[PDB]
$ cat work_34.cif   # mmCIF, C-alpha atoms and all ligand atoms
data_structure
loop_
_atom_site.label_atom_id
_atom_site.label_comp_id
_atom_site.auth_asym_id
_atom_site.auth_seq_id
_atom_site.Cartn_x
_atom_site.Cartn_y
_atom_site.Cartn_z
CA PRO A 1 14.34 -1.01 12.02
CA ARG A 2 15.02 2.61 12.85
CA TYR A 3 14.67 3.82 16.46
CA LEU A 4 10.97 4.73 16.76
CA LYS A 5 8.47 6.03 19.34
CA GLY A 6 4.76 5.80 19.76
CA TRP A 7 2.31 3.52 18.07
CA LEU A 8 4.85 2.77 15.29
CA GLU A 9 7.33 1.46 17.87
CA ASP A 10 4.56 -0.88 19.20
CA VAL A 11 3.71 -2.17 15.70
CA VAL A 12 7.34 -2.78 14.79
CA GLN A 13 7.82 -5.01 17.92
CA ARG A 14 4.57 -6.82 17.03
CA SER A 15 5.82 -7.35 13.41
CA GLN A 16 9.21 -8.53 14.62
CA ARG A 17 7.53 -11.20 16.81
CA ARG A 18 4.87 -12.21 14.21
CA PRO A 19 4.98 -15.92 13.38
CA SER A 20 5.21 -17.06 9.81
CA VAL A 21 1.79 -18.17 8.51
CA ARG A 22 0.64 -21.52 7.26
CA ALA A 23 -0.54 -20.76 3.69
CA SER A 24 0.08 -21.35 0.04
CA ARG A 25 -0.73 -19.27 -3.01
CA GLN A 26 -3.28 -20.26 -5.70
CA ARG A 27 -2.02 -18.34 -8.82
CA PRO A 28 1.26 -16.84 -10.07
CA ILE A 29 2.22 -13.29 -9.18
CA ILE A 30 0.57 -10.54 -11.29
CA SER A 31 2.67 -7.37 -11.19
CA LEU A 32 0.74 -4.46 -9.71
CA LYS A 33 3.32 -2.01 -11.06
CA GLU A 34 2.92 -3.39 -14.57
CA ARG A 35 -0.92 -3.38 -14.36
CA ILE A 36 -0.70 0.32 -13.44
CA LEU A 37 1.42 0.94 -16.57
CA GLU A 38 -1.17 -1.07 -18.64
CA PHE A 39 -4.03 1.14 -17.24
CA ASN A 40 -2.08 4.25 -18.02
CA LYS A 41 -1.51 3.09 -21.62
CA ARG A 42 -5.28 2.29 -22.00
CA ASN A 43 -6.23 5.71 -20.55
CA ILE A 44 -8.08 4.04 -17.69
CA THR A 45 -8.02 5.64 -14.24
CA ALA A 46 -5.92 3.36 -11.91
CA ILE A 47 -7.35 3.17 -8.37
CA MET A 48 -5.87 0.92 -5.68
CA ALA A 49 -8.75 0.50 -3.19
CA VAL A 50 -7.68 -0.30 0.36
CA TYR A 51 -9.60 -2.73 2.66
CA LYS A 52 -9.29 -1.84 6.38
CA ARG A 53 -11.78 -1.99 9.26
CA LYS A 54 -9.95 0.41 11.47
CA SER A 55 -7.17 2.98 11.21
CA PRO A 56 -4.96 4.64 13.82
CA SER A 57 -6.60 7.97 12.86
CA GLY A 58 -9.95 6.59 14.03
CA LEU A 59 -11.74 4.84 11.12
CA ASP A 60 -13.95 2.08 12.52
CA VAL A 61 -16.20 0.14 10.19
CA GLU A 62 -17.36 -3.41 9.63
CA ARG A 63 -17.62 -4.68 6.04
CA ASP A 64 -17.24 -8.24 4.73
CA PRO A 65 -13.75 -8.40 3.04
CA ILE A 66 -14.64 -10.77 0.21
CA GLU A 67 -17.85 -8.76 -0.69
CA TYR A 68 -15.85 -5.50 -0.74
CA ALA A 69 -13.06 -7.06 -2.91
CA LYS A 70 -15.55 -8.51 -5.37
CA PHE A 71 -17.46 -5.23 -5.59
CA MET A 72 -14.22 -3.41 -6.25
CA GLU A 73 -12.67 -6.00 -8.57
CA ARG A 74 -14.05 -4.65 -11.84
CA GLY A 75 -13.17 -1.05 -11.19
CA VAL A 76 -9.73 -1.18 -9.60
CA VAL A 77 -6.20 -1.61 -10.83
CA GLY A 78 -5.54 -3.63 -7.63
CA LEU A 79 -6.35 -3.85 -3.90
CA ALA A 80 -4.27 -3.15 -0.81
CA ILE A 81 -5.32 -5.32 2.09
CA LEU A 82 -4.45 -4.42 5.72
CA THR A 83 -2.89 -7.29 7.60
CA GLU A 84 -1.62 -5.25 10.54
CA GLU A 85 -3.55 -6.50 13.52
CA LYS A 86 -3.79 -3.94 16.36
CA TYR A 87 -4.36 -0.50 14.94
CA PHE A 88 -6.06 -1.55 11.67
CA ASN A 89 -7.78 -4.72 12.93
CA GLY A 90 -6.59 -6.62 9.89
CA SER A 91 -5.34 -10.17 9.65
CA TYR A 92 -3.60 -12.52 7.26
CA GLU A 93 -6.95 -14.31 6.93
CA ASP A 94 -8.42 -11.25 5.23
CA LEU A 95 -5.63 -11.43 2.65
CA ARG A 96 -5.97 -15.25 2.26
CA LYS A 97 -9.69 -14.87 1.48
CA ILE A 98 -9.36 -11.88 -0.84
CA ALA A 99 -6.37 -13.04 -2.92
CA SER A 100 -8.03 -16.41 -3.54
CA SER A 101 -11.38 -14.78 -4.50
CA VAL A 102 -10.57 -12.03 -6.96
CA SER A 103 -8.32 -11.70 -10.01
CA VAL A 104 -6.67 -8.31 -9.58
CA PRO A 105 -3.21 -7.84 -8.15
CA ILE A 106 -2.96 -7.43 -4.38
CA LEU A 107 -0.64 -5.40 -2.13
CA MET A 108 -0.32 -6.64 1.43
CA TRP A 109 -0.37 -3.52 3.53
CA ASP A 110 1.48 -3.97 6.76
CA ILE A 111 4.60 -2.71 8.61
CA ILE A 112 7.23 -4.98 7.08
CA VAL A 113 10.46 -5.39 9.15
CA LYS A 114 11.70 -8.90 8.18
CA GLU A 115 11.92 -11.40 5.32
CA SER A 116 9.41 -13.81 6.78
CA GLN A 117 6.60 -11.24 6.43
CA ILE A 118 7.42 -11.01 2.74
CA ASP A 119 7.25 -14.85 2.62
CA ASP A 120 3.81 -14.50 4.39
CA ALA A 121 2.59 -12.06 1.68
CA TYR A 122 3.82 -14.47 -1.07
CA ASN A 123 2.26 -17.59 0.56
CA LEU A 124 -1.03 -15.78 1.21
CA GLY A 125 -1.32 -14.81 -2.45
CA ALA A 126 -0.27 -11.13 -2.45
CA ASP A 127 1.63 -9.77 -5.53
CA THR A 128 3.50 -7.11 -3.70
CA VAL A 129 4.18 -5.26 -0.41
CA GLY A 130 5.01 -1.67 0.73
CA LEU A 131 8.42 -1.06 2.41
CA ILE A 132 8.36 2.18 4.47
CA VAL A 133 11.52 4.36 4.49
CA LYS A 134 10.57 5.91 7.86
CA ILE A 135 10.58 2.44 9.51
CA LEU A 136 13.60 0.86 7.89
CA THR A 137 17.32 1.67 7.57
CA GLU A 138 18.72 2.16 4.11
CA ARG A 139 20.61 -1.17 4.46
CA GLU A 140 17.40 -3.02 5.56
CA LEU A 141 15.46 -1.41 2.66
CA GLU A 142 18.10 -2.53 0.13
CA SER A 143 18.02 -6.00 1.59
CA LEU A 144 14.22 -6.34 1.72
CA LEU A 145 13.75 -4.82 -1.74
CA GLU A 146 16.17 -7.44 -3.20
CA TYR A 147 14.52 -10.24 -1.20
CA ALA A 148 11.04 -9.25 -2.51
CA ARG A 149 12.39 -9.11 -6.07
CA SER A 150 13.98 -12.55 -5.61
CA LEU A 151 10.30 -13.87 -5.09
CA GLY A 152 9.15 -12.07 -8.22
CA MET A 153 7.58 -9.06 -6.51
CA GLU A 154 8.26 -5.39 -7.20
CA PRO A 155 7.58 -3.69 -3.85
CA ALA A 156 6.31 -0.10 -3.49
CA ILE A 157 8.66 2.05 -1.50
CA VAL A 158 6.65 4.36 0.74
CA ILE A 159 7.84 7.92 1.26
CA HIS A 160 6.59 10.86 3.37
CA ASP A 161 9.28 13.43 2.62
CA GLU A 162 12.30 14.51 0.70
CA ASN A 163 14.83 12.57 2.89
CA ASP A 164 12.71 9.42 2.24
CA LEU A 165 12.71 10.09 -1.48
CA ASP A 166 16.53 10.50 -1.61
CA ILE A 167 16.82 7.06 0.03
CA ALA A 168 14.19 5.45 -2.25
CA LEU A 169 16.02 6.70 -5.41
CA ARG A 170 19.51 5.74 -4.07
CA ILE A 171 18.39 2.14 -3.52
CA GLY A 172 16.85 1.92 -7.01
CA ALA A 173 13.12 1.97 -6.30
CA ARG A 174 10.95 1.65 -9.37
CA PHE A 175 7.59 1.89 -7.63
CA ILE A 176 6.86 4.64 -5.02
CA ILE A 177 3.86 5.47 -2.85
CA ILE A 178 3.87 9.16 -1.78
CA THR A 179 1.82 9.38 1.40
CA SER A 180 0.56 12.53 2.98
CA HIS A 181 -0.14 10.76 6.20
CA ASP A 182 1.77 12.13 9.07
CA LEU A 183 2.76 9.23 11.37
CA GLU A 184 2.65 11.56 14.32
CA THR A 185 -0.54 13.47 14.60
CA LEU A 186 -1.87 10.98 12.10
CA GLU A 187 -3.19 13.85 10.04
CA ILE A 188 -3.14 14.31 6.28
CA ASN A 189 -0.55 16.89 5.41
CA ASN A 190 -0.26 17.76 1.77
CA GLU A 191 2.16 20.73 2.01
CA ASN A 192 5.00 18.86 0.21
CA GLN A 193 2.91 16.63 -1.98
CA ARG A 194 3.32 18.60 -5.23
CA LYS A 195 7.06 19.16 -4.77
CA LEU A 196 7.68 15.47 -4.06
CA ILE A 197 5.70 14.27 -7.08
CA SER A 198 7.75 16.64 -9.24
CA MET A 199 11.02 15.09 -7.94
CA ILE A 200 10.29 11.52 -8.98
CA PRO A 201 12.16 10.44 -12.15
CA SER A 202 10.65 8.98 -15.32
CA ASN A 203 11.56 5.33 -14.56
CA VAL A 204 9.41 5.24 -11.37
CA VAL A 205 5.74 4.47 -11.15
CA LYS A 206 4.18 6.83 -8.61
CA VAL A 207 1.06 6.30 -6.53
CA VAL A 208 -0.44 8.87 -4.13
CA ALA A 209 -2.10 8.17 -0.81
CA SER A 210 -3.67 11.25 0.84
CA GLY A 211 -7.20 10.76 2.04
CA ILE A 212 -8.62 11.20 -1.43
CA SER A 213 -12.40 11.62 -1.49
CA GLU A 214 -13.16 13.52 -4.75
CA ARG A 215 -12.75 12.98 -8.49
CA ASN A 216 -11.39 16.57 -8.72
CA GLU A 217 -8.39 15.59 -6.50
CA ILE A 218 -7.50 12.65 -8.78
CA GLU A 219 -7.82 14.91 -11.83
CA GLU A 220 -5.42 17.46 -10.39
CA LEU A 221 -2.89 14.82 -9.37
CA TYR A 222 -2.99 13.01 -12.73
CA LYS A 223 -2.02 16.34 -14.41
CA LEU A 224 1.15 16.26 -12.27
CA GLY A 225 2.01 12.81 -13.66
CA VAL A 226 0.74 10.55 -10.89
CA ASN A 227 0.18 7.04 -12.27
CA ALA A 228 -2.32 5.61 -9.75
CA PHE A 229 -4.17 6.52 -6.58
CA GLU A 230 -4.40 4.66 -3.29
CA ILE A 231 -7.85 5.31 -1.87
CA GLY A 232 -8.83 3.81 1.50
CA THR A 233 -10.95 5.56 4.11
CA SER A 234 -13.34 7.20 1.61
CA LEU A 235 -14.07 3.84 -0.09
CA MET A 236 -14.38 1.97 3.26
CA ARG A 237 -17.09 4.50 4.23
CA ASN A 238 -18.80 4.78 0.77
CA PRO A 239 -17.68 1.97 -1.63
CA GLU A 240 -20.12 3.24 -4.22
CA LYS A 241 -17.77 6.22 -4.74
CA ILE A 242 -15.57 4.00 -6.91
CA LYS A 243 -17.76 4.99 -9.88
CA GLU A 244 -17.03 8.75 -9.39
CA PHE A 245 -13.37 7.98 -9.19
CA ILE A 246 -13.14 5.92 -12.43
CA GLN A 247 -16.18 7.13 -14.60
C1 LIG B 1 2.49 0.39 3.49
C2 LIG B 1 1.94 -0.04 2.28
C3 LIG B 1 1.27 0.94 1.59
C4 LIG B 1 1.12 2.25 2.00
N1 LIG B 1 0.47 3.30 1.47
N2 LIG B 1 0.61 4.24 2.28
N3 LIG B 1 1.32 3.95 3.29
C5 LIG B 1 1.67 2.67 3.20
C6 LIG B 1 2.38 1.75 3.96
#

$ encode --input "work_34.cif" --output "structure tokens"
Amino acid sequence: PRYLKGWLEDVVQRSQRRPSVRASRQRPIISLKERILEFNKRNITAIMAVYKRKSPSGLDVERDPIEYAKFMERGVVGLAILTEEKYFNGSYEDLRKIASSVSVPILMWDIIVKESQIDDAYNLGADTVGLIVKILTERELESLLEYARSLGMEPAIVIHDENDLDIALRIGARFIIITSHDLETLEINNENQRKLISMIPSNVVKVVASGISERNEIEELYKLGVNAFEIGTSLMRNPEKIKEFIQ
């Protein structure tokens, strides 16, 4: 990984040490990227709900993971499940239970630094993972992107800024998450969001993550050509908002 400081440096060490999990998957991979393109074609709003009990910015909630996933299943294009353990209070067990219990594609949301975590996502039943340009060197991103593809996954490459986007396009990303989360400060910062969306080429499926809490926000972003929307903290607090997002 890159040289890092702070809570991200802690998580990267934790990820580096994390043992490979005993698990095996119960259905073939379903491409999240392709399901997004199918929603788009059907003129259906494509929401990726996130399951997480805690977040480094302070979310703290208890909700049963299988009940949340089944509630969400009919409304979402897919689910992102936290498996990072310390700051999000997730676990691979949450992903094992969810991916065996619902039919929609699953992204395993974690800080991925090594091939064996991608093997963990595959063996736990996930269809894809995020690879974060701020964590990884360009060489490690190329290597992990190819490794994920070799398992039949198309990973989402996560970007925060223009330097990240230049790397994501150079390595041949076809699936990007644009996040407004500042890893320092841990605040939502949308100042570059519109510019970055406008710089993503036609061959790349784009998803936004930015503390979305209103249908109006999704509406405005869809007009800019965003394909799907990662929504986490608002749905963890009020799951019933899924209707407002997709009605
Ligand atoms: C990993 C996987 C998905 C993400 N969405 N925003 N930030 C992410 C990091």

$ residues_near_ligand --input "work_34.cif" --ligand "ligand LIG 1 (chain B)" --cutoff "9 Å" --atoms "all atoms listed in the file" --output "PyMOL selection string"
chain A and resi 50+80-82+107-112+129-132+156-160+177-181+207-210+230

$ atom_distance --input "work_34.cif" --atom1 "CA of residue 79 in chain A" --atom2 "CA of residue 195 in chain A"
26.6 Å

$ atom_distance --input "work_34.cif" --atom1 "CA of residue 221 in chain A" --atom2 "CA of residue 201 in chain A"
15.9 Å

$ closest_residue --input "work_34.cif" --among "A:139, A:86, A:194, A:243" --to "residue 14 in chain A" --atoms "only C-alpha atoms"
A:86

$ closest_residue --input "work_34.cif" --among "A:118, A:126, A:54, A:133" --to "residue 150 in chain A" --atoms "all atoms listed in the file"
A:118

$ atom_distance --input "work_34.cif" --atom1 "CA of residue 58 in chain A" --atom2 "CA of residue 135 in chain A"
21.4 Å

$ residues_around --input "work_34.cif" --residues "range 39-46 of chain A" --least-positions-apart "2" --cutoff "7 Å" --atoms "only C-alpha atoms" --output "PDB file with C-alpha atoms, keeping the file's coordinate frame"
ATOM      1  CA  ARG A  35      -0.920  -3.380 -14.360  1.00  0.00           C
ATOM      2  CA  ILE A  36      -0.700   0.320 -13.440  1.00  0.00           C
ATOM      3  CA  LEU A  37       1.420   0.940 -16.570  1.00  0.00           C
ATOM      4  CA  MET A  48      -5.870   0.920  -5.680  1.00  0.00           C
ATOM      5  CA  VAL A  76      -9.730  -1.180  -9.600  1.00  0.00           C
ATOM      6  CA  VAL A  77      -6.200  -1.610 -10.830  1.00  0.00           C
ATOM      7  CA  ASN A 227       0.180   7.040 -12.270  1.00  0.00           C
ATOM      8  CA  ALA A 228      -2.320   5.610  -9.750  1.00  0.00           C
ATOM      9  CA  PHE A 229      -4.170   6.520  -6.580  1.00  0.00           C
ATOM     10  CA  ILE A 246     -13.140   5.920 -12.430  1.00  0.00           C
TER      11      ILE A 246
END
